[PDB]
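Colleague: One structure is given below, represented as structure tokens, and several questions about it will come after.
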Amino acid sequence: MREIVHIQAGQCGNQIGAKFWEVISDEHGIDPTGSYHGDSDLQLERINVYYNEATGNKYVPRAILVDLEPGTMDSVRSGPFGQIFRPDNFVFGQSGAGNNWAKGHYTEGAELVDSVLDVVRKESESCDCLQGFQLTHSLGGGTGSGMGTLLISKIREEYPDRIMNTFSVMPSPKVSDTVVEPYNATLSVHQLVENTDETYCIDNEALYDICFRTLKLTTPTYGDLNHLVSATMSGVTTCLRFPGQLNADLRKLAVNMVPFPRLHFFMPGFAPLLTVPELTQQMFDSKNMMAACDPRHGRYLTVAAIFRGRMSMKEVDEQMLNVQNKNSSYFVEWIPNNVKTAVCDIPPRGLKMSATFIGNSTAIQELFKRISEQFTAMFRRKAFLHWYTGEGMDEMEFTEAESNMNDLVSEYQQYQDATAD
Amino acid sequence: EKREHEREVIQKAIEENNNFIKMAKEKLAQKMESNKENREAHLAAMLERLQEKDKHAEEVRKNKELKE
Amino acid sequence: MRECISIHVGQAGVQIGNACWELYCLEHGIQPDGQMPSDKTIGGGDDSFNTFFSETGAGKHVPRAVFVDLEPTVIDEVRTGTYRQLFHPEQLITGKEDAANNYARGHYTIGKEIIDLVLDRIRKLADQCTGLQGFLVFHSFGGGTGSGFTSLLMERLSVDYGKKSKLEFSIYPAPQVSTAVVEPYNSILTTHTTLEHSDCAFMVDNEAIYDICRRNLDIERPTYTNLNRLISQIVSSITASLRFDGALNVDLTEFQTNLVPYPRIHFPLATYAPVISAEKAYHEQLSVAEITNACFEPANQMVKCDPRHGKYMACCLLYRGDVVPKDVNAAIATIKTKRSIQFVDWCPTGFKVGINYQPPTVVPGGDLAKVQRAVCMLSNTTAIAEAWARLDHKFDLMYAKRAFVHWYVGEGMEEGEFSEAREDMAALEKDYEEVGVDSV
Ligand SMILES: Nc1nc2c(ncn2[C@@H]2O[C@H](COP(=O)(O)OP(=O)(O)OP(=O)(O)O)[C@@H](O)[C@H]2O)c(=O)[nH]1
Ligand SMILES: Nc1nc2c(ncn2[C@@H]2O[C@H](COP(=O)(O)OP(=O)(O)O)[C@@H](O)[C@H]2O)c(=O)[nH]1
Ligand SMILES: [Ca+2]
Ligand SMILES: [Mg+2]
Ligand SMILES: [Mg+2]
């Protein structure tokens, strides 16, 4: 009775989306035909947050799949669980986005948008009580970025009192399928600052470096990255999917995580990439962050943390207290009790103990600076711009987005420098 | 004189229970009124911003058409 | 006659009510289906337990209660649970969507959609009463429903029942069991808003209850169920006067007279004893003198404050069980020699005593020894103001940066309500300072 509506858009969005569904379906005891063959009542208690009930007592993801070209989506059908989706929620076009943001947002994306909208409505109107939406996408492409943001906006007009939550994948020049990717990223961020309630900042840079420098994969695949992305996505939705003494939903989380509306960009973390103390230490280590930022180069405004496994409640309390105590400089003092903790009895598949971490840290500015540096290098020598005015855009709109993003950095800095007295 | 003082005391107690109830009732109505107003103005401003963004997306498609 | 109606609001209010009503059923010998073999009066009566329980023709004893929450997950467990036959479905009221830790949603946005129906159900309880005495309202400070909806409700109840008495059991937030960073906000707003509508409010500091569960019962990591089970023993102590009767029994309202010297100064400090495990109680009768003694130990208080550093305006002792006055008077005499309990110069120094003969019970499966005697002290001391100070301090740290405030403004609140609530609390802190200063 607290429904979320999921939307995957474009290449990245559909792949990480698919993985997400796989992982959580396994965790909930749901097969590719959509049947419950599982062992605990706990897997079903809050199953409708993500799944609809059906005919032949089936469970169907409340998911909508979206792309400007059928490529990635047929692989979705062909893939396992491809059969679990609802064939009407496949909304695709033909002409594609051609890795161009203006195409996602203004042109071809704009031609496809209403059919997505119609399916969104079909899904919302069946909800007993709609929490809101989560969109998986990338900010480097054209569909995911441009059309994902256009979607966000359009959905916001129709459900302005629902929570909008994004999993947004950030472009690194290591694993980097283009060159205009800073333009696309800046353009998307500009939108995101205004229209999402909460954005999980998933950085390919950080994903790459984890696989390379830590996991020892000298040549990391999209599959290796998305493995990381899926463990994370599982981690941060654990409190939505399972009954706790916390009751989480997207609004409560936003309320406890977002102290100023614009500052809603989160640094996720995961451990292991094993004892509670080690779990706790690694989980706060810059090496375990899914966004490529050192939390010791900033300060935490807020943090949510969840431990999965069977472990001592008392020990976790002690470790989390310890971590705040011994690192007190890295948490702002003007937000008392800004670190929250949940425990879930059920571990993810393949582990005995994990830990997932969500940070609202001003060190995230590092990430927006990276995109800002690259972006500006081009733009100021007006490199590759025709691609954009190509579709009717003005230069102004590039200036406005860069400003907005520099404004966001300025703001994160300002709250980082702020003191109690 | 004493009976009339008796009457005064008890009518004063009624009057005060009443003015308290009244005041409360008004205070509530004013706050709920101001509340609905404010909330509405926030939604309206949000929808206005969105709608400007729609209009702007016309002037970007209409403008690509004017390069031909 | 002399009925009391209990309203449990939000998660904490509800779960605490599960605990309290389970305990009451056990104290009175009422079975989970509501039958009570000992009541020969069928379909009604005027025994003391009828203050809290209505009777039906079928012999079911029905709480004079209403449970209310803005989402259904917690009350569903009552509808489904062991005691589900006790209530009529109409006493259990849920919406679909909660207040999301937001006082605005509780008082306005979501809450205004259900307030009429709640008042209507409460009115159906009041119509069954031949001499309604007042309301008992259970809620947390920190939740959106517990703060906002409770406030809205109290204002509405003042409107619909006048100066008919309203008492609070209010759950003050602790960082160990906390659920939202915005609890100080919700706490301040609800305290400011309800202050004129409440006659007496008992604060229960979750950190104190928590500390007590760790220390006296060796519970490594206490749950809501541990806390609630202790809280309910305290609430039972406080309501025993209404629910039972005997010669030495002294009505709560009579303590209330001594407890509230000015309308705003209506927050008594409770202290309970003994809290002890079965393990530790086996082969130890704790005498009147020991439990009386332990009432003056700050580690046994519902609220963390230091009464040694404030002044007393009142001191009440509420005994239950195997207790006779002679012992009490001896114990008090000893305390008075060995402690310097200091009062303000404008009030007398006596202790007010009451004794209920009916011994405490426990709920099976619990961690509390079943003892022969117990005591709750209710005192009014200026020290309780420490608990306002801490909360106010937290509010300030966030408010000075306007942190999270946008969530409240988004629901139609103004900053003015915040500054106005914080000014009221500042004035309350100053009142607590002034009552303790010696006279000219
Ligand atoms: N002692 C005790 N405290 C509780 C319990 N449940 C919640 N709390 C405390 O209450 C505060 C949170 O308020 P809740 O009652 O959970 O919130 P609510 O009234 O349901 O409001 P919303 O859910 O936001 O609509 C926190 O300080 C919790 O520690 C309980 O069962 N026992
Ligand atoms: N982590 C991850 N990143 C991806 C994946 N697929 C594409 N990307 C990234 O997506 C960005 C380009 O967007 P893409 O999804 O390919 O374009 P779209 O289909 O127009 O949304 C690049 O920065 C890629 O590195 C994936 O499966 N995992
Ligand atoms: Ca012993
Ligand atoms: Mg691509
Ligand atoms: Mg709740």
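Numbers and lists here come from the model and the stated rules, or from a named source; these are not laboratory values. For neighbour counting, all protein chains shown are included, and Cβ atoms are generated from backbone atoms with ideal geometry for every residue, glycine included.
Colleague: Tell me, which strands (runs of 3 or more DSSP E) wholly within segment C:21-132 include 2 or more residues that are more than 22 Å from C:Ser165 (Cα to Cα), within 16 Å of ligand 5 (Cβ to nearest atom) and assigned by CATH to the domain that holds C:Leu153?
Modeller: Those strands (runs of 3 or more DSSP E) span C:92-94.
Colleague: Is one or more of the residues making up segment C:267-280 within 16 Å of ligand 3 (Cβ to nearest atom), polar (S, T, N, Q) and assigned to a loop (DSSP other than H, G, I, E, B)?
Modeller: yes
Colleague: Among the residues that make up segment C:74-90, is at least one of them in contact with an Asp or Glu (Cβ under 7 Å, 6 or more places away or on another chain) and within 14 Å of chain A (Cβ to nearest Cβ)?
Modeller: yes
Colleague: Do the conditions hold for A:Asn325, that is, is it within 14 Å of another protein chain (Cβ to nearest Cβ) and either surrounded by fewer than 17 Cβ atoms within 10 Å (Cβ to Cβ) or touching a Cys at 6+ places or on another chain (Cβ under 9 Å) (or both)?
Modeller: Spelling it out, A:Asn325 is indeed within 14 Å of another protein chain (Cβ to nearest Cβ) and either surrounded by fewer than 17 Cβ atoms within 10 Å (Cβ to Cβ) or touching a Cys at 6+ places or on another chain (Cβ under 9 Å) (or both).
Colleague: Can you spot a residue in segment A:43-64 that is more than 16 Å from ligand 1 (Cβ to nearest atom), closer than 22 Å to A:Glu111 by Cβ, surrounded by 17 or more Cβ atoms within 10 Å (Cβ to Cβ) and more than 14 Å from every other protein chain (Cβ to nearest Cβ)?
Modeller: The answer is yes; a qualifying residue exists.
Colleague: Name the single residue that is nearest to ligand 4 (Cβ to nearest atom) among those in segment C:1-15 being closer than 13 Å to C:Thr150 by Cβ and not in a strand (DSSP E or B).
Modeller: Ranking the candidates gives C:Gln11 first.
Colleague: What single numbered condition from (1) outside the structural domain of A:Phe270 (by CATH); (2) surrounded by fewer than 18 Cβ atoms within 10 Å (Cβ to Cβ); (3) hydrophobic (A, V, I, L, M, F, W, C); (4) under 27 Å from the mean Cα position of the chain (by Cα) fails to hold for A:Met378?
Modeller: (4)
Colleague: When residues of segment A:202-256 are filtered for being within 16 Å of ligand 5 (Cβ to nearest atom), aliphatic (A, V, I, L, M) and closer than 22 Å to A:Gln43 by Cβ, how many remain?
Modeller: Qualifying residue count for the region: 5.
Colleague: Also: What's the number of the only condition in (1) within 22 Å of the chain's Cα centre (by Cα); (2) within 30 Å of C:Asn102 (Cβ to Cβ); (3) within 14 Å of ligand 1 (Cβ to nearest atom); (4) not aromatic (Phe, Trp, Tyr) that C:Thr73 fails to meet?
Modeller: For C:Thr73, the exception is condition (1).
Colleague: Could you grab the pairs with beta carbons closer than 8 Å, sequence gap of 6+ or different chains, first residue in segment C:337-348 and closer than 14 Å to C:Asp306 by Cα, second one surrounded by 10 or more Cβ atoms within 10 Å (Cβ to Cβ)?
Modeller: C:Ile341/C:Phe296; C:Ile341/C:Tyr312; C:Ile341/C:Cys315; C:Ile341/C:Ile335; C:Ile341/C:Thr349; C:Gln342/C:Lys311; C:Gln342/C:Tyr312
Colleague: Moving to a separate point now. Please go through segment A:338-380 and pick out each residue that is polar (S, T, N, Q) and closer than 27 Å to A:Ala231 by Cα.
Modeller: If the condition is that a residue be polar (S, T, N, Q) and closer than 27 Å to A:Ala231 by Cα, then A:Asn338, A:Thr341, A:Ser354, A:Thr356, A:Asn360, A:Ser361, A:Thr362, A:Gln365 are the ones that fit.
Colleague: In addition: Hey, among A:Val169, A:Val175, A:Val179, which residue is of a type in the set (A, V, I, L, M, F, W, C), assigned to a loop (DSSP other than H, G, I, E, B) and either within 16 Å of ligand 1 (Cβ to nearest atom) or closer than 19 Å to A:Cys293 by Cα (or both)?
Modeller: Exactly one residue qualifies, and that residue is A:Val175.
Colleague: Determine whether segment C:91-98 contains at least one residue that is closer than 16 Å to C:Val14 by Cβ, of a type in the set (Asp, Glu), within 13 Å of another protein chain (Cβ to nearest Cβ) and away from ligand 3 (no atom under 16 Å from the Cβ).
Modeller: Yes, there is a match, as at least one residue in segment C:91-98 is closer than 16 Å to C:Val14 by Cβ, of a type in the set (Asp, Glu), within 13 Å of another protein chain (Cβ to nearest Cβ) and away from ligand 3 (no atom under 16 Å from the Cβ).
Colleague: In addition: Only one residue in C:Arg264, C:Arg214, C:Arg229, C:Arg156 is within 14 Å of chain A (Cβ to nearest Cβ), charged (D, E, K, R) and outside any strand (DSSP E or B), so which one is that?
Modeller: Sole residue among the options that is within 14 Å of chain A (Cβ to nearest Cβ), charged (D, E, K, R) and outside any strand (DSSP E or B): C:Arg214.
Colleague: Tally up the residues in segment C:174-207 that are of a type in the set (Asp, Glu) and part of a loop (DSSP other than H, G, I, E, B), please.
Modeller: 2
Colleague: Report, ordered by the first and then the second residue, all pairs with beta carbons closer than 6 Å, sequence separation of six or more or different chains, a first member in segment C:368-385 that is among the basic types (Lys, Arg), and a second member that is surrounded by fewer than 24 Cβ atoms within 10 Å (Cβ to Cβ).
Modeller: Every condition considered, the pairs that remain are C:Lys370/C:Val362; C:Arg373/C:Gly321; C:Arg373/C:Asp322.
Colleague: Now for a different question. I need the full set of residues from segment A:67-122 which are touching a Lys or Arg at 6+ places or on another chain (Cβ under 8 Å), part of a helix (DSSP H, G or I) and polar (S, T, N, Q), in order please.
Modeller: none
Colleague: Which pairs do you get when a residue that is more than 14 Å from every other protein chain (Cβ to nearest Cβ), found in segment A:91-119, comes within reach of a residue that is near ligand 2 (Cβ under 9 Å from one of its atoms) and of a type in the set (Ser, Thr, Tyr), reach meaning Cβ atoms under 8 angstrom, with the pair 6+ apart or on two chains?
Modeller: Within 8 Å, the pairs are A:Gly96/A:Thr143; A:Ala97/A:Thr143; A:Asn99/A:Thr178.
Colleague: Among the listed residues A:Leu187, A:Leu253, A:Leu279, identify the single one that is away from ligand 4 (no atom under 16 Å from the Cβ), farther than 29 Å from C:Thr73 by Cα and within 14 Å of another protein chain (Cβ to nearest Cβ).
Modeller: Answer to the selection: A:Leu187.
Colleague: Residue check: is A:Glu205 within 16 Å of ligand 4 (Cβ to nearest atom), within 29 Å of A:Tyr388 (Cβ to Cβ) and away from every other protein chain (no Cβ under 14 Å)?
Modeller: Considered against the rule, which asks whether it is within 16 Å of ligand 4 (Cβ to nearest atom), within 29 Å of A:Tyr388 (Cβ to Cβ) and away from every other protein chain (no Cβ under 14 Å), A:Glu205 comes out as no.
Colleague: Checking A:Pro259 against (1) more than 16 Å from ligand 5 (Cβ to nearest atom); (2) surrounded by fewer than 20 Cβ atoms within 10 Å (Cβ to Cβ); (3) in a loop (DSSP other than H, G, I, E, B), which single condition isn't satisfied?
Modeller: Going through the list (1) more than 16 Å from ligand 5 (Cβ to nearest atom); (2) surrounded by fewer than 20 Cβ atoms within 10 Å (Cβ to Cβ); (3) in a loop (DSSP other than H, G, I, E, B), A:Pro259 breaks only (2).
Colleague: Now for a separate question. Of the residues in segment C:282-312, how many are over 23 Å from the mean Cα position of the chain (by Cα) and either assigned to a strand (DSSP E or B) or over 20 Å from C:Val371 (Cα atoms) (or both)?
Modeller: Residues in segment C:282-312 being over 23 Å from the mean Cα position of the chain (by Cα) and either assigned to a strand (DSSP E or B) or over 20 Å from C:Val371 (Cα atoms) (or both): 2 in total.
Colleague: Out of the residues in segment A:118-166 meeting the condition of being in contact with a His (Cβ under 7 Å, 6 or more places away or on another chain) and more than 20 Å from A:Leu367 (Cβ to Cβ), tell me which one is nearest to ligand 3 (Cβ to nearest atom).
Modeller: So the residue we want is A:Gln134.
Colleague: If a residue must be surrounded by 15 or more Cβ atoms within 10 Å (Cβ to Cβ) and more than 15 Å from ligand 4 (Cβ to nearest atom), how many such residues does segment A:93-103 contain?
Modeller: Matching residues across segment A:93-103 total 2.
Colleague: Something else about it: Identify all residues within segment A:1-26 that are among the charged types (D, E, K, R) and away from chain C (no Cβ under 14 Å); write none if there are none.
Modeller: A:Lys19, A:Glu22, A:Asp26
Colleague: Let me ask you something else. Give segment C:277-331 a look and list any residue that's of a type in the set (D, E, K, R) and touching a helix residue (DSSP H, G or I) at 6+ places or on another chain (Cβ under 8 Å), or say none.
Modeller: Scanning segment C:277-331 gives C:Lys304, C:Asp306, C:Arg308, C:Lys311, C:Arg320, C:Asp327.
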